[PDB]
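Asker: okay, here's the opening piece of the assembly, coordinates as they are in the complex:
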Amino acid sequence: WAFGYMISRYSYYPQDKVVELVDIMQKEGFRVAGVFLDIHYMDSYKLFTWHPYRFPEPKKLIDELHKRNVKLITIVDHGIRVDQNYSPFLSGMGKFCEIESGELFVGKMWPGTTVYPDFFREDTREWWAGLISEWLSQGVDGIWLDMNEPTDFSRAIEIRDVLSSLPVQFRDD
């Protein structure tokens, strides 16, 4: 099924619209293997969360798609939001990337202020495998890893904050 026809967008939501689209596609003769859910499904772009208003019933969305024999692939970025009450941030503590001087490397990504897991470490990898596994247990069929160059926007945003007033064009680097 991974080689079947996949429909995706940035992004499809709320959950009822996702199912509605799949129905129209199937009703009109298109065999859809799976649908991809982009970052709008998350709560404030926080990894491993469902938007409380767009996806109030993730379990229902999953069963509806499966009843239609359509797989669900969810995007998962690499940025962990620096949030005092965000579980992954608290459980990942100790396994994040640092800078030469010893502090955590704090950057900017979709969630806003973010830190990144140091995947070169074995223990970071086991921690991540656990979150992924837990995420898969809901019935999610695939994982779409994005922005994992790894990409960070802190420098780009820094430049815009300082040279914001100037009516000049920044060189796209």
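Answerer: Perfect, I can see it now. Numbering: from 1, shown residues only, chains lettered A, B, ... in the order given.
Asker: What is the longest helix seen in chain A packed up against?
Answerer: Taking DSSP state H as the criterion, chain A has its longest helix at helix A:122-136. For helix A:122-136, the elements it packs on are strand A:71-76, helix A:87-92, strand A:142-145, judged by 3 or more CB pairs under 8 Å, 6 or more residues apart in numbering; DSSP states H and E. Bear in mind the C-beta positions are built from the backbone N, C-alpha and C, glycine included.
Asker: rerun that using 7 Å as the cut-off
Answerer: For helix A:122-136, the elements it packs on are helix A:87-92, judged by 3 or more CB pairs under 7 Å, 6 or more residues apart in numbering; DSSP states H and E.
Asker: so after the helix it packs on, what's the next helix or strand?
Answerer: Using DSSP states H and E, the helix or strand that follows helix A:87-92 in sequence is strand A:106-109.
Asker: That following strand - which strands sit beside it in the sheet, and in what orientation?
Answerer: Partners of strand A:106-109 in the sheet, by DSSP bridges, are strand A:112-115 (antiparallel).
Asker: List the contacts of the strand it pairs with.
Answerer: A:79-82, A:96, A:104-108 (CB atoms under 7 Å, 6 or more residues apart in numbering).
Asker: Just the buried subset of those, please.
Answerer: A:79-82, A:96, A:106-108 (16 or more other CB atoms under 10 Å).
Asker: can you tell me which two in those residues are farthest apart?
Answerer: For the buried ones among the contacts of strand A:112-115, the farthest-apart pair by CB to CB is A:96 and A:108; their separation is 14.7 Å.
Asker: before we move on, which element is residue A:166 in?
Answerer: When the helices and strands are read off by DSSP H and E, none of them contains residue A:166.
Asker: and it, how many neighbours does it have?
Answerer: Residue A:166: 8 surrounding residues under other CB atoms under 10 Å.
Asker: any idea how far the residue lying closest to residue A:163 once chain neighbours are set aside is from residue A:63?
Answerer: Leaving aside its sequence neighbours, residue A:163 sits nearest to residue A:170 (CB to CB, 6 or more residues apart in numbering; 7.0 Å). With distances taken as CB to CB, to the nearest Å, residue A:170 is found 47 Å from residue A:63.
Asker: Chain B comes next; put it on the structure above:
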Amino acid sequence: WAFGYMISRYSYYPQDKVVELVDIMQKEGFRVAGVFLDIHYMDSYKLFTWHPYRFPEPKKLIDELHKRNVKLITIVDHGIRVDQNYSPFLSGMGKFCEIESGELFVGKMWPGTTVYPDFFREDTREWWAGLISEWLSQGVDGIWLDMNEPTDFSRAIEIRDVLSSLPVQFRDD
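Answerer: Now chain B, sitting on the chains shown earlier:
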């Protein structure tokens, strides 16, 4: 009396404070020849006007000073406010400075957007003498001509508008 002791500030107001200060000065033994009134006495820095709240009764102030044997000198700048209902602007039309291309030279001064009388012309001088004479007829004893280099702030303000939010220090030219 022009060589007597003059007290001044930028500025003394409202009108009752002016008289109060003169009284204290005289009561304590200081022979004050005259008092200078700076730009705060005008209405929105408009030449030949009295601030409606700080100087409600100008003739009352003038009589109070004169009976105390004190002269009144009022500052008068060179900028005519570009105002649709400002008399000097309307009566001065035709006698203002222009630029090479033919339009009026519109700049910036205390009143905000302003034009300047072309004093090199005889008719402008006659027009200005008329205003001065009328201003003097209230009992004003002297004229304090300021900013007549002539000075204009349009270029400086222009630089500040464009490079406003830039954390840099402007050279003071």
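Asker: again for the neighbour count of residue A:166, chain B present now?
Answerer: 12 (other CB atoms under 10 Å in any protein chain shown).
Asker: who touches the nearest residue to residue A:114 once chain neighbours are set aside in this structure?
Answerer: With sequence-adjacent residues excluded and distances taken as CB to CB, 6 or more residues apart in numbering or on different chains, residue A:114 is closest to residue A:79, at 3.9 Å. The contact partners of residue A:79, by CB atoms under 7 Å, 6 or more residues apart in numbering or on different chains, come to A:109-111, A:114, A:116.
Asker: switch to 10 Å and redo it
Answerer: Under the criterion of CB atoms under 10 Å, 6 or more residues apart in numbering or on different chains, the neighbours of residue A:79 are A:45-47, A:107-117, A:147-148, A:150-153.
Asker: how close does the closest residue to chain B within chain A get to residue B:164?
Answerer: Proximity of chain A to chain B (CB to the nearest CB) peaks at residue A:165, 3.8 Å away. Going from residue A:165 to residue B:164 by CB to CB gives 6 Å.
Asker: Between those two, tell me which one has more neighbours.
Answerer: residue A:165 (12 against 8).
Asker: Do I have it right that that one meets residue B:165?
Answerer: Yes - taking contacts as CB atoms under 10 Å, residue A:165 lies within contact range of residue B:165: 3.8 Å.
Asker: you'd agree residue A:6 is in a helix?
Answerer: No - applying DSSP: H, G, I helix; E, B strand; the rest coil, one finds residue A:6 to be strand, outside a helix.
Asker: Now for it, how many residues are close by?
Answerer: 16.
Asker: what about residue A:151, which SS state?
Answerer: coil.
Asker: number of nearby residues for it?
Answerer: 14.
Asker: unless I'm mixing things up, it is touching residue A:145, no?
Answerer: No - look at residue A:151 against residue A:145 with CB under 10 Å: they stay out of range, at 11.8 Å.
Asker: Mutual contacts of those two, please.
Answerer: A:77-78.
Asker: Quick check on the contacts of residue A:79: which are buried?
Answerer: With burial judged by 16 or more other CB atoms under 10 Å in any protein chain shown, the buried subset of the contacts of residue A:79 is A:45-47, A:107-111, A:114-117, A:147, A:152.
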